[PDB]
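To start, the structure under review is shown below, and the notes come after it.
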Amino acid sequence: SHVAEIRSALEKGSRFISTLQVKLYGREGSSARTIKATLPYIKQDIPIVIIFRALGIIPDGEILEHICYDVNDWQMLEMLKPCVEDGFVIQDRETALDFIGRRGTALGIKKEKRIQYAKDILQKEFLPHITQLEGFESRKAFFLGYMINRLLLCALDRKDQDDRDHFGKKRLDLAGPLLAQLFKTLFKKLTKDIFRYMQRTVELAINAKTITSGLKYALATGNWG
Amino acid sequence: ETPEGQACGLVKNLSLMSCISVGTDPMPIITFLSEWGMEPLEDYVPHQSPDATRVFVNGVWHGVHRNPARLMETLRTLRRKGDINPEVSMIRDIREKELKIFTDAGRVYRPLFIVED
Amino acid sequence: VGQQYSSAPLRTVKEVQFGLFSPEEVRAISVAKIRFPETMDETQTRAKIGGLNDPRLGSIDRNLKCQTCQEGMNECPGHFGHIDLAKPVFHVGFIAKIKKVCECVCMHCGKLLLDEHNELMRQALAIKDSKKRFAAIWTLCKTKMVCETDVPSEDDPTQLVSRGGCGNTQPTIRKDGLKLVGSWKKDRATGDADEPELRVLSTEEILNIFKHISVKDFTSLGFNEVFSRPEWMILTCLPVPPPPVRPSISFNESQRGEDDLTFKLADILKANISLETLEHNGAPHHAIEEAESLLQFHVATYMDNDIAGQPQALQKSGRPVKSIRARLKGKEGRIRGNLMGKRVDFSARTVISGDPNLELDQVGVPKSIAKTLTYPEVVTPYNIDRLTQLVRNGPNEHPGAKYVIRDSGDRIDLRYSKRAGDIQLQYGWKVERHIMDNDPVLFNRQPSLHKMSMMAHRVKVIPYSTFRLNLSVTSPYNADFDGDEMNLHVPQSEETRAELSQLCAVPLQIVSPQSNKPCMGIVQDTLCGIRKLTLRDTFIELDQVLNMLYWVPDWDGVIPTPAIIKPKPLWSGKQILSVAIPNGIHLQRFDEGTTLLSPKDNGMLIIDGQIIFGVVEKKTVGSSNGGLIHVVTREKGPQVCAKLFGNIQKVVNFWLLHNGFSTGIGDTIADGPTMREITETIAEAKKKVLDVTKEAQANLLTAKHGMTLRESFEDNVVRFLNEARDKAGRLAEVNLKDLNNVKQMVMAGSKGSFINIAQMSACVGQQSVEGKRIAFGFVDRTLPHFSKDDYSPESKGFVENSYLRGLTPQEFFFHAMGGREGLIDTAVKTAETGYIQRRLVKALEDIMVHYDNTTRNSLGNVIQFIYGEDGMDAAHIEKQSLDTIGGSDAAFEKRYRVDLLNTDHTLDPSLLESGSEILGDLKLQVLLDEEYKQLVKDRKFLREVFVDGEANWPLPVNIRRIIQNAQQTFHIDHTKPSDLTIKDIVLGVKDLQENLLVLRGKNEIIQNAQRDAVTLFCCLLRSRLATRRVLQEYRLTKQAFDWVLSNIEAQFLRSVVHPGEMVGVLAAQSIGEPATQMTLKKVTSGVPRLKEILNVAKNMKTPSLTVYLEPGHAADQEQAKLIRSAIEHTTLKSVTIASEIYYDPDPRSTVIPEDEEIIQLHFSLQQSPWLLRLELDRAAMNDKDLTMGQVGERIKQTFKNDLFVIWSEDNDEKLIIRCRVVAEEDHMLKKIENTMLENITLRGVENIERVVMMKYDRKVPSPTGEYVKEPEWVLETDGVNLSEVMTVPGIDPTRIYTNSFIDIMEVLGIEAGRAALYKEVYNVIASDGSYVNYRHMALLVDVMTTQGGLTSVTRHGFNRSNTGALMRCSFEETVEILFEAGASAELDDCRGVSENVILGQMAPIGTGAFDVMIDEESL
Amino acid sequence: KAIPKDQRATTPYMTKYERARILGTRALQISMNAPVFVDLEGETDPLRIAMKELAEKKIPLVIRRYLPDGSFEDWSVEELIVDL
Amino acid sequence: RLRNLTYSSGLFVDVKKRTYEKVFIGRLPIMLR
Amino acid sequence: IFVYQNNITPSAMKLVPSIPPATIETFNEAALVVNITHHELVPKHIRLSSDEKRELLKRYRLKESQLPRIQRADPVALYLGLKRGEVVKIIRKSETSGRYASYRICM
Ligand SMILES: [Mn+2]
Ligand SMILES: [Mn+2]
Ligand SMILES: [Zn+2]
Ligand SMILES: [Zn+2]
């Protein structure tokens, strides 16, 4: 019935538009309407509770506090009732991290590795525009809460669904960013081609033209994506 | 000024005074924000402060701030000096408990006369 | 062609029968056997080998020898070879089909796995579309994998019935390029039957199974007993195409030459031979299999180059390839490349400019373009000098020629020719002259959606570039002169000339079929000018009369004697215009307040070609229905009318040039005061809006039933602001003086409507996007310049100002918003309409009216048993008044009752000569009684048809006019008694009717059909030539009368549709063209709807019912409500305030106060402790006319006993249903709570969501006869359920209508379906005021309905809609289309335009819909 | 399949398409100097002569009207009423 | 423009070559003015 | 004609075509609560005798397939008890001629 999309991407580094959707399953009045988020690389929609646990926010009360900044808002908390249930099976960060690990991994893989895979996804794929380093799990939990929030605040006929065509939430990509997309994607082949001058060197071998041709090519046509 | 038919409304033109934001580092602002009483999100408890205006910056929830208008003033005044980059965009949604700051390039903006009391 | 003779009759392909070559035939027709996979050099002795390129097949080496068929490389039609395949092989094309048939038949007995015994199969079998049946059968039979032995009969399942006694399991057959692989199983996972057995179903297996399929079985598939048997899909025997298909480029002598098919065949033959040289030598199995799949591959690749690879090893080590599919990739795409109109020859394109000095049917061709386009004219004693003069003039002097083409077909190129000025033209040579003045050329403007936009004009070579058009030929073409290019096309042959100038010639197009009116009028200047010239105040001094006079070329030189001779000889403006008009032209029309003294110089009377009164404007002189062009066209001929445009234009234009017409900003300014009234008018609405605002912010606005507050507040505001703009707009239109140049155009008819004045002068009015005021794009405010939640007009997008006043920035931006909406979906309407029109045509393309007056499609199916139900051609129909239908019964008697036996109601002895001796003539009064009872049936009949009461219906032969012509042609005086007998009239007319003949068959059925086709015209006729009428009003003498009869008969015949009429195309482009003008209460209308309708979309956007209350109760606002409620789907959800699940454990005492009284009350004259308690809302509770008891015992009858129900009664201040399950309880309840709020139906028909009442004014006959409006309540519903709603007590189930013509069909049958479908298509075309003569839509709506169902137009087929395999070769794969045509025995009727082009023939359309032959009779 | 001179159900009147095509076919003859049947009281132009031949009922052609079932009526241009 | 050239510039990076276990590098079409 | 209230068992449905040539037709009560042929848009359908039928297809020279068609299950056909191959003359009020008569052959 609803979906709460972010399209988070790093401003610099290498632009990874890794979409997180926070989906409210069931339409108004379908028995037990659950919320699930859709993590990148994780081939199944994870109950949002389980993510919070995998993010170290174990106890219901705590999780709900991250979502529902209002103890009287019994309507919203009552919407989540089945979420809390939907993630009942999982009660500690590792089981949670494992739950995710398993929906990102083949059945052969060992628990530690599995947990470790889910630990790296949450650290780098899940909401990467917040932080990609370590200690920032509360930072995501909170943001993810806020997502679930807004999603429900929309589901509760309390919010108008976002205007797709509002211009403030558009960006115009220009000479600068465009020539930087290619130049990133071309310097990355220059960083790759120079790498085939080390693995391949056992004992000045730089293609100027990869970039000259690449920029020059794109601009001579209108070939970007 | 839009071309008719197929491109109609899809190909647009900048009004004479639109420029497009060039893109600025949010480091100094996020730095100023916690210098200016922004509560870190790590150290944030809502059942404790539900009257908390949440500061976002280029989309990132950076934390919280009770008494935002006093943040908002400064933020505005800094930008109106030069000290925060002019192109930097700060919107407070009073009835949403949100103060979203924007520093990324691509934001189409235009100049206006400031009317202040 | 090929100057030799052949005794064989010269014919034209009438049908193409498509089929598959049986292996039998492939040999039978073949000339060779073809064994050797090489050619030439027989031990070096050059020529050919009895293996390829010769054995009997077509010759090379310039040799005539060719099986004694002689002739040589140009005259011989290459004869066909033969090649036996060692093994059966899948023909690539049918691998698909083969597999598919194999899924339908048993793979052992060849027995259709599903019989007439299975019920889902008789519906599959009954389908007549050989293709759709095969699909329906297949989707049914591919489930089967067991060829059933005993099938449950038509009786007891106890009782089995035998069938094909072969019990074996079928494989599920999958494909692998060229091998079909079959895998069996003795059921899915049952004990001792697991694991499929994959075995490759070989060609040898399938072919033999195909042979075992009965003539009955495979015929119930697409297959043809005679033309295409399944077995034949499997090649045993391969046709060898001869050297004209596969050439040999022998470069003079002593060099190799054989085409890329020859090599491709050479490799088949190789594999074939090495497959034989492994059976004949004996071998292993996966060796012959390998040798088979090599062959099968080479046969495959030979025809289709799109399999497991490309064998490109044919004389080249670099590797290219050509198959016969990939030969049609240069021959299905070089025929299609020439089927799409690319090599545009003898045509020319340039800017058009208007030119008031060309005749209506001219086209000014620039000299330079004239010098480019030729006409091949045959040298002829009649033309020897002129042609000779041209040939001398040459390629560069205008009346010159480019080429002189002599007997021998040589082309002397007069441009570069040493004999350019030295040619003796001999009879029978073609000179290719330039087009010169008066050549019929076909002038067309794309996009050409309209027979009228390809018309033929007389050339008139002119100076500068650009084609020049007469202005009046302008809208037929939808052309203006702001840059439009037009194509001119020179008909090249003499008959092709004749056809143009005889059918498409512009004069012949004035009265157009599309709306049974003229389609070319007087326009722009000439219109504006004519009004001015026509005013009473317009007078012409002698000095200027003479010019105007002399300007009209058709002037007879008599200077009209001036209408003022007194102080100054002074002609009326009318008088001289009246010389453009020819004699014998009369016209009567009356406006609102016209009299025979027409104060306002209103209306129109022209008598013998002198406009006696009326301002001449659009009404008269435009393209309008009754107008002077319609009249002059019918009355005096098309050409004489066409010449009229010329005269009128020339005169008026000359007049206008010396009068002058302009328009300034002054014309767009309002009277100082009017502006205050306007400003007041607006500011008077901003209160209204403001009051409703305050009202609604208070919460005092009551939502209109089934409409939200916010929904209905806007609705009011928008109407206020429109009532404003409009009362504002009128306020300026009334002001503007009769001098006002703007209004001066508006009066005359030329560009300019009210909304225009309205927006320029008064208010611009409310902008709107998606039919709402401007939406809050920013949060709760439309611009960052308003405050949040500002719902004022100014904010939400009312442009207050005129355009004259200028728009505020907001107004400017909101206007820009509305504007962008306009252009955006002006681009949508253009794009969708563009494609609808192309579908509508393709749909009706082939419908033609054959010689029997029947109207049939390409197949021959009767679509209409007489074209448009009356056999009339729509261009010969006029709106006419059926008088029998109208007025009090009283009046009916006054006009039509002639009772001789009554000194009062008799014809007065003054009207009639034998007027007195008529008084009391029993015998007569028995005739005149016949007449009248007949007129009475008539009036009755008519009121049955036009239930509406509508008097005025497009009918052929304008009877009013003919009479008006009689009265003038005979100078009948309304003073002396007529010399008619009653018997003359009464019998004369009775006798006339027997003469109006659409149909001629002598049998009864046709005579009955004929009686019907003429019914309506006859009532008109009876009501017009009624005895009193004929004498009282008309005063016809025996002479004029006898004339009127023979005229009515004359025109009636002239009005009958000609066999030949591509009436379908006509009908499609009559529906399309106007839709290409739809550029725009809440129901989808216009093109979305048209694309909805034609699409037969079951999922409509705006499904509505419209139900009418039973006759006796129409006014009962309360019964309208009582039905509304008992219809509108009313769920528990809509009546419950809140639900709550309490733990309330004691079923006596209760933890809820407000319920203690209710459990007490349910103890006067199992259960869970968990209670589901619903609090209901009276508002909507009594609004939907509902009882607690009713809501209650509903839930109690929804949940059987599985729920303990109890409810507060209807007095209690709080309405409550308390419910228990009757421990996992709290969860079963939240389920049940939902099963209540959503599912349970308290009241109404499901799917009927909103139900609005509305007062509809209805035309109904009062007791006294005349048509009285009788208001009726009419429920209109969001949601359709016509079946269940039809049946509701108290509605008029007779009249209940839905726009979902689909549900109508499904409930009321196809005939009603069609009726409704016609009412929908017509609503679309009526919603933009436009008219399209009924027959066009009928024919569309008939074509959609011919086959029992609603067959969509907007393509249903991926191939066809009604297209022969030859016709416009669709997909890059025509091969595929042809393959299927083989397999299904597609029978091409060659009534196509393309098939026949492919065949080098003209279509049996219109001018080609009959044959001409040389008469041996003519003395 | 042919239908006898009596029992012709088809219009006794020439159809606009027929005229279009006679005149066409007839002019195409007149244009290649095939002999004319009427007096050329001035005319040089083929079609105009063809029309004059039709006018004076002197076109020597038979029109074969096919019915949708395949049967056909023959009419002689002479027989056919030209009233359009 | 006349010479059908590209108004580019030499993109010179600055490299640190270190054994572990100026320098012309491409052309950037310069945007006028 | 078997009239019934809610519905029938598709087993008892497979009991219908069972006593030939005698036809059993089945009307759900609800389908009969209103006579569709009394509806406005529903014109006079007149089952033609095979003798009138012969006359039709002859007078007009039409293979059966060339007649306009009506579905076996078309509510007017069912109401008339139309047997496939039976043609109906549909006499409809026309706005062009007074009555026009078109025929549909049951499919
Ligand atoms: Mn225009
Ligand atoms: Mn134009
Ligand atoms: Zn030959
Ligand atoms: Zn079998």
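Each chain in the structure tokens gets a letter, A, B, ..., in the order shown, and its residues are numbered from 1; ligands are numbered from 1 in order too.
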
*Can you tell me, as a PyMOL selection string, what residues are no more than 6 Å from range 58-69 of chain D when counting only C-alpha atoms, ignoring any on the same chain fewer than 3 positions away?*
(chain C and resi 851+1410-1415+1418) or (chain D and resi 53-54+72-77)

Who sits within 9 Å of range 46-48 of chain D, only C-alpha atoms, same chain under 3 positions skipped, as a PDB file with N, CA, C and O atoms, in the first residue's frame:
ATOM      1  N   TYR C 382      -6.106  16.054 -83.504  1.00  0.00           N
ATOM      2  CA  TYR C 382      -6.706  17.114 -82.686  1.00  0.00           C
ATOM      3  C   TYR C 382      -5.654  17.958 -81.975  1.00  0.00           C
ATOM      4  O   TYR C 382      -5.917  19.117 -81.682  1.00  0.00           O
ATOM      5  N   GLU C 494      -4.852   9.043 -69.376  1.00  0.00           N
ATOM      6  CA  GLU C 494      -6.103   9.697 -69.713  1.00  0.00           C
ATOM      7  C   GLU C 494      -7.280   9.257 -68.813  1.00  0.00           C
ATOM      8  O   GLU C 494      -8.108  10.094 -68.441  1.00  0.00           O
ATOM      9  N   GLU C 495      -7.360   7.973 -68.445  1.00  0.00           N
ATOM     10  CA  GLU C 495      -8.482   7.526 -67.600  1.00  0.00           C
ATOM     11  C   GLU C 495      -8.254   8.001 -66.185  1.00  0.00           C
ATOM     12  O   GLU C 495      -9.181   8.436 -65.495  1.00  0.00           O
ATOM     13  N   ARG C 497      -6.787  10.688 -65.613  1.00  0.00           N
ATOM     14  CA  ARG C 497      -7.243  12.057 -65.716  1.00  0.00           C
ATOM     15  C   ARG C 497      -8.707  12.081 -65.448  1.00  0.00           C
ATOM     16  O   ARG C 497      -9.172  12.798 -64.555  1.00  0.00           O
ATOM     17  N   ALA C 498      -9.431  11.284 -66.233  1.00  0.00           N
ATOM     18  CA  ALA C 498     -10.884  11.307 -66.242  1.00  0.00           C
ATOM     19  C   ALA C 498     -11.459  11.097 -64.848  1.00  0.00           C
ATOM     20  O   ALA C 498     -12.409  11.770 -64.459  1.00  0.00           O
TER      21      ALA C 498
ATOM     22  N   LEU D  23     -16.085   7.312 -69.479  1.00  0.00           N
ATOM     23  CA  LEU D  23     -15.422   8.530 -69.913  1.00  0.00           C
ATOM     24  C   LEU D  23     -13.912   8.367 -69.918  1.00  0.00           C
ATOM     25  O   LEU D  23     -13.247   8.761 -70.874  1.00  0.00           O
ATOM     26  N   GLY D  24     -13.370   7.770 -68.859  1.00  0.00           N
ATOM     27  CA  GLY D  24     -11.941   7.507 -68.796  1.00  0.00           C
ATOM     28  C   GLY D  24     -11.495   6.612 -69.931  1.00  0.00           C
ATOM     29  O   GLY D  24     -10.693   7.003 -70.776  1.00  0.00           O
ATOM     30  N   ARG D  26     -13.021   5.669 -72.497  1.00  0.00           N
ATOM     31  CA  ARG D  26     -13.424   6.097 -73.804  1.00  0.00           C
ATOM     32  C   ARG D  26     -12.458   7.150 -74.264  1.00  0.00           C
ATOM     33  O   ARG D  26     -11.978   7.094 -75.390  1.00  0.00           O
ATOM     34  N   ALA D  27     -12.143   8.095 -73.384  1.00  0.00           N
ATOM     35  CA  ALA D  27     -11.138   9.111 -73.700  1.00  0.00           C
ATOM     36  C   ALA D  27      -9.793   8.468 -73.993  1.00  0.00           C
ATOM     37  O   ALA D  27      -9.140   8.866 -74.942  1.00  0.00           O
ATOM     38  N   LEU D  28      -9.392   7.461 -73.215  1.00  0.00           N
ATOM     39  CA  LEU D  28      -8.119   6.796 -73.472  1.00  0.00           C
ATOM     40  C   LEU D  28      -8.059   6.215 -74.872  1.00  0.00           C
ATOM     41  O   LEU D  28      -6.981   6.002 -75.425  1.00  0.00           O
ATOM     42  N   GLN D  29      -9.224   5.940 -75.439  1.00  0.00           N
ATOM     43  CA  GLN D  29      -9.297   5.476 -76.818  1.00  0.00           C
ATOM     44  C   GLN D  29      -9.192   6.672 -77.735  1.00  0.00           C
ATOM     45  O   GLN D  29      -8.260   6.749 -78.523  1.00  0.00           O
ATOM     46  N   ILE D  30     -10.135   7.603 -77.607  1.00  0.00           N
ATOM     47  CA  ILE D  30     -10.154   8.829 -78.392  1.00  0.00           C
ATOM     48  C   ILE D  30      -8.765   9.481 -78.464  1.00  0.00           C
ATOM     49  O   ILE D  30      -8.369   9.998 -79.519  1.00  0.00           O
ATOM     50  N   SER D  31      -8.018   9.405 -77.361  1.00  0.00           N
ATOM     51  CA  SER D  31      -6.682   9.988 -77.258  1.00  0.00           C
ATOM     52  C   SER D  31      -5.617   9.290 -78.118  1.00  0.00           C
ATOM     53  O   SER D  31      -4.692   9.936 -78.616  1.00  0.00           O
ATOM     54  N   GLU D  43     -14.670  20.223 -80.586  1.00  0.00           N
ATOM     55  CA  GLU D  43     -13.789  19.609 -79.578  1.00  0.00           C
ATOM     56  C   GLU D  43     -12.465  19.059 -80.095  1.00  0.00           C
ATOM     57  O   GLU D  43     -12.419  18.432 -81.151  1.00  0.00           O
ATOM     58  N   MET D  51     -17.195  12.491 -73.442  1.00  0.00           N
ATOM     59  CA  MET D  51     -18.421  12.957 -72.805  1.00  0.00           C
ATOM     60  C   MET D  51     -19.498  13.259 -73.820  1.00  0.00           C
ATOM     61  O   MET D  51     -20.675  13.069 -73.561  1.00  0.00           O
ATOM     62  N   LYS D  52     -19.095  13.745 -74.977  1.00  0.00           N
ATOM     63  CA  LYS D  52     -20.052  14.019 -76.008  1.00  0.00           C
ATOM     64  C   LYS D  52     -20.591  12.715 -76.546  1.00  0.00           C
ATOM     65  O   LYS D  52     -21.751  12.658 -76.921  1.00  0.00           O
ATOM     66  N   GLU D  53     -19.768  11.672 -76.583  1.00  0.00           N
ATOM     67  CA  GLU D  53     -20.247  10.368 -77.042  1.00  0.00           C
ATOM     68  C   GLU D  53     -21.249   9.770 -76.066  1.00  0.00           C
ATOM     69  O   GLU D  53     -22.279   9.231 -76.467  1.00  0.00           O
TER      70      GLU D  53
END

*Could you please extract the residues within 12 Å of ligand 2, counting only C-alpha atoms and all ligand atoms, and hand them back as a PyMOL selection string?*
chain C and resi 351-353+445-447+474-475+477-486

Next, write the just-selected residues to a file, as a compact mmCIF listing (two decimals), in the first residue's frame, keeping N, CA and C atoms as the atom set.
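For reference, part.txt as written:
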# COMPACT_ATOMS: atom_id res chain seq x y z
N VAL C 351 5.12 25.85 -50.65
CA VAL C 351 4.29 26.62 -49.76
C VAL C 351 2.98 26.81 -50.51
N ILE C 352 1.85 26.82 -49.81
CA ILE C 352 0.64 27.33 -50.42
C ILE C 352 0.43 28.74 -49.98
N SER C 353 -0.14 29.53 -50.89
CA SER C 353 -0.66 30.86 -50.58
C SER C 353 -2.12 30.97 -51.06
N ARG C 445 -3.39 17.98 -49.25
CA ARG C 445 -2.68 18.39 -48.05
C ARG C 445 -2.68 17.37 -46.93
N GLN C 446 -1.47 16.92 -46.59
CA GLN C 446 -1.19 15.99 -45.50
C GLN C 446 -1.17 16.77 -44.20
N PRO C 447 -1.71 16.19 -43.11
CA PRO C 447 -2.10 14.82 -43.03
C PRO C 447 -3.48 14.78 -43.63
N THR C 474 -10.25 25.96 -48.66
CA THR C 474 -9.28 25.98 -47.60
C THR C 474 -9.52 24.97 -46.49
N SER C 475 -10.72 24.93 -45.92
CA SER C 475 -10.93 24.04 -44.78
C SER C 475 -11.17 22.58 -45.17
N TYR C 477 -9.27 21.15 -46.82
CA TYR C 477 -7.89 20.69 -46.72
C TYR C 477 -7.30 20.89 -45.36
N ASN C 478 -8.05 21.54 -44.47
CA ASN C 478 -7.50 22.09 -43.24
C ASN C 478 -6.14 22.66 -43.52
N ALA C 479 -6.11 23.71 -44.33
CA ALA C 479 -4.86 24.37 -44.72
C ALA C 479 -5.00 25.83 -44.40
N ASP C 480 -3.90 26.44 -43.97
CA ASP C 480 -3.81 27.89 -43.84
C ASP C 480 -2.56 28.25 -44.63
N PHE C 481 -2.17 29.53 -44.66
CA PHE C 481 -1.01 29.93 -45.43
C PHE C 481 0.16 30.44 -44.60
N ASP C 482 0.30 29.94 -43.37
CA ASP C 482 1.43 30.31 -42.50
C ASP C 482 2.65 29.39 -42.64
N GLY C 483 2.73 28.70 -43.78
CA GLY C 483 3.86 27.85 -44.07
C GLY C 483 3.52 26.46 -44.56
N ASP C 484 2.23 26.13 -44.61
CA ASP C 484 1.78 24.80 -45.07
C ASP C 484 2.33 24.51 -46.45
N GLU C 485 2.94 23.35 -46.61
CA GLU C 485 3.24 22.90 -47.96
C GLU C 485 2.10 21.99 -48.44
N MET C 486 1.86 21.96 -49.74
CA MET C 486 0.93 21.00 -50.30
C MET C 486 1.58 20.21 -51.42

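Contact shell of residue 23 in chain E at 8 Å (only C-alpha atoms; same-chain neighbours under 4 positions omitted): residues 12, 13, 14 and 15 of chain E.
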
*asked:* If we count only C-alpha atoms and set the cut-off at 6 Å, which residues sit around range 8-19 of chain D, ignoring sequence neighbours fewer than 6 positions away in its own chain? Please answer as number ranges by chain.
replied: C: 851, 1000-1001, 1058, 1406-1407; D: 80-82

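Shell of range 97-102 of chain F at 8 Å, with only C-alpha atoms counted and residues fewer than 6 places along the chain excluded, is residues 864, 865, 869, 870, 941, 942, 945, 1009, 1012, 1013, 1014, 1015, 1016 and 1017 of chain C; 68, 89, 90 and 91 of chain F.
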
Give me a file of those residues, with N, CA, C and O atoms, as a CSV table (one decimal), in the first residue's frame.
chain,number,residue,atom,x,y,z
C,864,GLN,N,-24.2,-4.1,-43.6
C,864,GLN,CA,-25.5,-3.5,-43.7
C,864,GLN,C,-26.3,-4.0,-44.8
C,864,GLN,O,-25.9,-4.0,-46.0
C,865,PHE,N,-27.6,-4.4,-44.5
C,865,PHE,CA,-28.4,-5.0,-45.6
C,865,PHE,C,-28.9,-3.9,-46.5
C,865,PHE,O,-29.4,-4.2,-47.6
C,869,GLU,N,-29.0,2.0,-43.7
C,869,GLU,CA,-30.4,1.7,-43.4
C,869,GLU,C,-31.4,2.3,-44.4
C,869,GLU,O,-32.6,2.1,-44.3
C,870,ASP,N,-31.0,3.1,-45.3
C,870,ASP,CA,-31.9,3.7,-46.3
C,870,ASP,C,-31.5,3.8,-47.7
C,870,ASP,O,-32.2,4.2,-48.6
C,941,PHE,N,-46.3,6.2,-35.9
C,941,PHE,CA,-45.0,5.5,-36.2
C,941,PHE,C,-43.9,6.4,-35.8
C,941,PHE,O,-43.0,6.0,-35.1
C,942,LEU,N,-43.9,7.7,-36.3
C,942,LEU,CA,-42.8,8.6,-36.1
C,942,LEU,C,-42.5,8.8,-34.7
C,942,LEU,O,-41.4,8.9,-34.2
C,945,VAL,N,-40.5,6.1,-33.2
C,945,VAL,CA,-39.1,6.1,-33.6
C,945,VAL,C,-38.4,7.3,-32.8
C,945,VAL,O,-37.5,7.0,-32.0
C,1009,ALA,N,-38.0,-5.0,-48.0
C,1009,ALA,CA,-36.9,-4.2,-47.6
C,1009,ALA,C,-37.0,-2.8,-48.2
C,1009,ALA,O,-36.9,-1.8,-47.5
C,1012,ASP,N,-39.3,-0.6,-46.4
C,1012,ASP,CA,-38.8,-0.1,-45.2
C,1012,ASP,C,-37.8,1.0,-45.4
C,1012,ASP,O,-37.9,2.1,-44.8
C,1013,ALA,N,-36.8,0.8,-46.3
C,1013,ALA,CA,-35.8,1.7,-46.6
C,1013,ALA,C,-36.4,3.1,-47.0
C,1013,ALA,O,-35.8,4.2,-46.8
C,1014,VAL,N,-37.6,3.0,-47.5
C,1014,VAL,CA,-38.4,4.2,-48.0
C,1014,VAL,C,-39.4,4.7,-47.0
C,1014,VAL,O,-40.0,5.8,-47.2
C,1015,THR,N,-39.6,4.0,-45.9
C,1015,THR,CA,-40.7,4.3,-44.9
C,1015,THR,C,-40.5,5.8,-44.5
C,1015,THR,O,-41.5,6.5,-44.6
C,1016,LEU,N,-39.4,6.1,-44.0
C,1016,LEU,CA,-39.2,7.5,-43.4
C,1016,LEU,C,-39.3,8.5,-44.5
C,1016,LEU,O,-40.0,9.5,-44.2
C,1017,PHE,N,-38.7,8.4,-45.6
C,1017,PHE,CA,-38.8,9.4,-46.7
C,1017,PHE,C,-40.3,9.5,-47.1
C,1017,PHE,O,-40.7,10.6,-47.4
F,68,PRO,N,-24.8,-11.1,-40.3
F,68,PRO,CA,-24.5,-10.6,-39.0
F,68,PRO,C,-24.8,-11.7,-38.1
F,68,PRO,O,-25.6,-12.6,-38.4
F,89,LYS,N,-34.7,-12.1,-37.5
F,89,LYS,CA,-35.0,-10.8,-38.2
F,89,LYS,C,-35.0,-9.9,-37.0
F,89,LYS,O,-35.7,-10.1,-36.0
F,90,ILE,N,-34.2,-8.8,-37.1
F,90,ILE,CA,-34.2,-7.8,-36.1
F,90,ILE,C,-34.8,-6.6,-36.7
F,90,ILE,O,-34.2,-6.0,-37.6
F,91,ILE,N,-36.0,-6.3,-36.3
F,91,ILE,CA,-36.7,-5.1,-36.9
F,91,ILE,C,-36.4,-4.0,-35.9
F,91,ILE,O,-36.8,-4.0,-34.8

*Quick one: everything within 12 Å of residue 781 in chain C, counting only C-alpha atoms, minus sequence neighbours fewer than 3 positions away in the same chain. Send it as JSON, numbers by chain.*
{"C": [773, 774, 775, 776, 777, 778, 784, 785, 786, 787, 788, 789, 790, 791, 792, 794, 795, 796, 797]}
